[PDB]
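Just the one chain here, the form deposited in one PDB entry, laid out as structure tokens.
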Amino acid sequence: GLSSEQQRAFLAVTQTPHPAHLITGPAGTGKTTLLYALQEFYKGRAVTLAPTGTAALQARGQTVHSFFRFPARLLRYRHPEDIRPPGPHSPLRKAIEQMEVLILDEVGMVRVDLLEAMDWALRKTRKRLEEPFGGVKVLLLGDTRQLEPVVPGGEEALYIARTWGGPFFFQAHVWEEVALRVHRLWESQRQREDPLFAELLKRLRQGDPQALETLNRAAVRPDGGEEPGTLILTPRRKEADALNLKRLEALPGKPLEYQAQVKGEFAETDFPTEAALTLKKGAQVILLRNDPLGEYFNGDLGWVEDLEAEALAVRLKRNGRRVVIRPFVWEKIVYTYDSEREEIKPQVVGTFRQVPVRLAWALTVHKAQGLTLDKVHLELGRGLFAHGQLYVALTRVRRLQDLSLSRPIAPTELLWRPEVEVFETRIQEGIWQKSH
């Protein structure tokens, strides 16, 4: 059963014809758990999406990209080359046409161009350009104090700035057409049996510098990452590799190497996994691509069972089922700027073919947002770089005894986005309306 404030948000969302709602609150307040109640109330009529694979599985839906078949690149505003409606007799078109409610968890990580593309895709497929999201009622859930959207730094960043003025979902132009009603949750549920830890996280969210000093004294334990049953989180992918390789070549099985084929321009900075990736039987892994046959998805955690030339078997954590993994192809897209028409054109400059698997004793903080973890050791590596990164790493566990840091954290390490301050200030009035 839901809590009291969860039930108020349940009724305030399902008892009103209003088409746009946001349920927001600190990490672990029960937003995705109330999302489960919304899925039972709506079940056939609702589609549930999340921006990342891990969040999508945590919300028991799929990624936004996978549902609308969006390409994994910048979705220019209302651009036909990027937002293509489904076929005349496709299962997607009937899904979009029959759909009545769109639930979107972890909306804080949804970049503005992704949200505007959903708006346009729903309008175009339902043949209602007049109405935002094509008449679909959208239920948004997330926290803007958690991880900001991912914005690579090419002309992709300049376009987003020019078109919307920022990468956040609340900067979409559709909010000039609808008022977003805001429901707020406050009471901790993940940390409900450790109120002092919950109070600490509340103060850390407010930016308290003395809260950070109390955390540095209580939680800095360098060897925390070697205690059993501990998931390690890091800011960067390659820092996770160095940590996973330590636990990997400590396993008894025979190692097998999967060598990627790189074509054209594809820097190893952009590799989703290592070009020389070594696995062992029993290694803990996370899957990086969706199965066309639907047996596994991006974000699936599991353990290697068999290793052969270009095919490995993985036992999944999600359902205890055994799936077979084969190499996928990744495209590397860059954006060039025409001076004459003054437009950006995407272009493929390289490919990367490899088994879609990473070792998963250590993960990036981005792959952890939304998870409730039993034990977390945060390895800071070469520092934090994303707004909301530290706060997400700290709030995955239930009790402070389940958390440890590799080194103390300085106040000057902390990132604050001014657009998030402006947003979270106006939302306490209960409404978000983008003017002009």
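All residue numbers refer to positions in the sequence shown, first residue = 1.
Below, we turn to the form deposited in another entry, even though it does not appear here.
The rigid parts of the chain swing between this form and the one not shown, and the hinge residue from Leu359, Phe297, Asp105, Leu201 is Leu359.
Between this form and the other one, the CA-CA gap for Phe266 and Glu81 narrows by 3 Å or more, being smaller in the other entry. Distance between the C-alpha atoms of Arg73 and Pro292: longer in the other entry than here (change of 3 Å or more).
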